[PDB]
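Below sits a lone chain in structure tokens, taken as the form deposited without the ligand.
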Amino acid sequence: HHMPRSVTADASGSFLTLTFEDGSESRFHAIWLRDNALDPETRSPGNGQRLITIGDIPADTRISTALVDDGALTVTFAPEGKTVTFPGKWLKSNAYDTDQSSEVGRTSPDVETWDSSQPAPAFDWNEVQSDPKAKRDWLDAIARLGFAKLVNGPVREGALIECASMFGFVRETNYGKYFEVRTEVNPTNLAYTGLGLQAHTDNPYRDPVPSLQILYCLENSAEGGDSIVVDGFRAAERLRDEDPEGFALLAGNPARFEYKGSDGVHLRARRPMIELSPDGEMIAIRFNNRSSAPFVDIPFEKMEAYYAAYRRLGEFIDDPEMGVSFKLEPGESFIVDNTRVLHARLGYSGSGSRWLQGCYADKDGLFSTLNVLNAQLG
């Protein structure tokens, strides 16, 4: 329950214990409550910005008195003398006196991992623009699963930029706001089109890594070459469940990535292939064979085992039962969460031409747009 019943303050005033109507208890420290006061002199009413620093809060701050009344908690602090009230709902929702999961390599509860049994989420270009429920569902699919298709879009150059603008902002690079991906498939070219088709995340040599990628089809007359996506979190999960020490090595040591092109682009980054939050949640995958650079940061005594784990992760990524495959017809596109979901394509099986456009955008904007839609539809 989120309905407060009563409160006791410790003799020290250093914390209080809130009891709810279902019998549950939750303890809150004086300093935390003071810092999180929601009144107009702590949080600006117009923009929600906090108006005080930690330095502004007296170091000896304590709870003087407190009371539960009519679904809310009244708290008065000393030595300031400041009285504030907290809604019951807010206290329960923002509780920290709970059992924090510490499992190393766990995923956020908001994501669902997948393999080849997962259908490609698909949404309509026009519906996502006119119906906020469709837009919400489209962005929610990218949030939960890390990818989604958009179909029935226009066969127009730069349309992918319009897609990005539906939720956020394009990460412009040296290659432009977007780049052309043109392919001529014929008997002569067929050989080299088979090279470098391992699933990968783009640009692990950029820090910060571009967090979303959009690929948009304008023309396709070549047979085969289905797009493939692989869940980096599923691959990492499989490694962890099988080989926790190997998982720990890939998460516990940075790799090196580098792109040094002939057209004056030289990009480098130092980041692990599996990135965890400091409390163990899996937050990002970086995997790209073509731009992996010399691993200079891994101690000698761990290098062999690191390489073994790296190989094993690659085997999960190369596993065909991990890939979700789909065709892209003119006007169709897909987005990947480039911090999680890898992409590639299968081999071409017939001659022809293909024209895709690619760009990057950032997840923060997508989540904001999703948050706003959820509030509007709630």
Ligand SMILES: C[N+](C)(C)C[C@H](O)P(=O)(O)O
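In case it trips you up, residue 1 is the first one in the sequence shown, and so on. We call the rigid core the largest set of C-alpha positions that still match within 1.5 Å between the two forms.
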item: Mean Cα B-factor comparison, 39-47 or 323-331, giving the higher one as deposited; value: 323-331
item: Selected stretch [higher average CA B-factor]: 104-112 or 81-89; value: 104-112
item: Top residue by Cα temperature factor, when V229, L195, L267, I161 are compared in the entry; value: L195
item: Out of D140, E172, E223, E258, highest CA B-factor residue; value: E223
item: Cα B factor band for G13 (lowest, middle or highest third within the chain); value: middle
item: Third of the chain, ranked by Cα B-factor, where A284 sits; value: lowest
item: Third of the chain, ranked by Cα B-factor, where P254 sits; value: lowest
item: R182 - Cα temperature factor, lowest/middle/highest third of chain; value: highest
item: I317, C-alpha B-factor rank within chain (lowest, middle or highest third); value: highest
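This protein has a second form, the form deposited with the ligand bound, left out of what is shown; the following refers to that one.
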item: Exercise: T113 in contact with the ligand in the bound PDB entry, heavy atom 4.5 Å; value: no
item: Non-hydrogen atom contact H200 with the ligand in the bound PDB entry at 4.5 angstroms; value: yes
item: Contact of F300 with the ligand in the bound PDB entry (heavy atom, 4.5 Å); value: no
item: Contact flag, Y96 vs the ligand in the bound PDB entry, heavy atom cut 4.5 Å; value: no
item: Interface residue in the bound PDB entry among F169, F295, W90, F179, criterion: non-hydrogen atom within 4.5 angstroms of the ligand; value: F179
item: Candidate from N189, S102, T83, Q129 lying within 4.5 Å of the ligand in the bound PDB entry - any heavy atom; value: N189
item: Stretch in contact, per heavy atom within 4.5 angstroms of the ligand in the bound PDB entry, of 145-153, 191-199, 243-251, 129-137; value: 191-199
item: Sequence-ordered residues of 268-304 touching the ligand in the bound PDB entry, heavy atom within 4.5 Å; value: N288, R290
item: Core-superposed comparison between this form and the one not shown - Cα displaced by 2 angstroms or more, from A120, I228, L190, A293; value: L190
item: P58 C-alpha shift between this form and the one not shown of 2 Å or more, rigid core reference; value: no
item: Rigid core fit then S349 CA moved by 2 Å or more between this form and the one not shown; value: yes
item: Cα-Cα trend for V185 and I228, given that in the bound PDB entry the distance shifts by 3 Å or more; value: farther
item: In the bound PDB entry, whether the C-alpha atoms of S353 and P187 sit closer or farther than here (change of 3 Å or more); value: farther
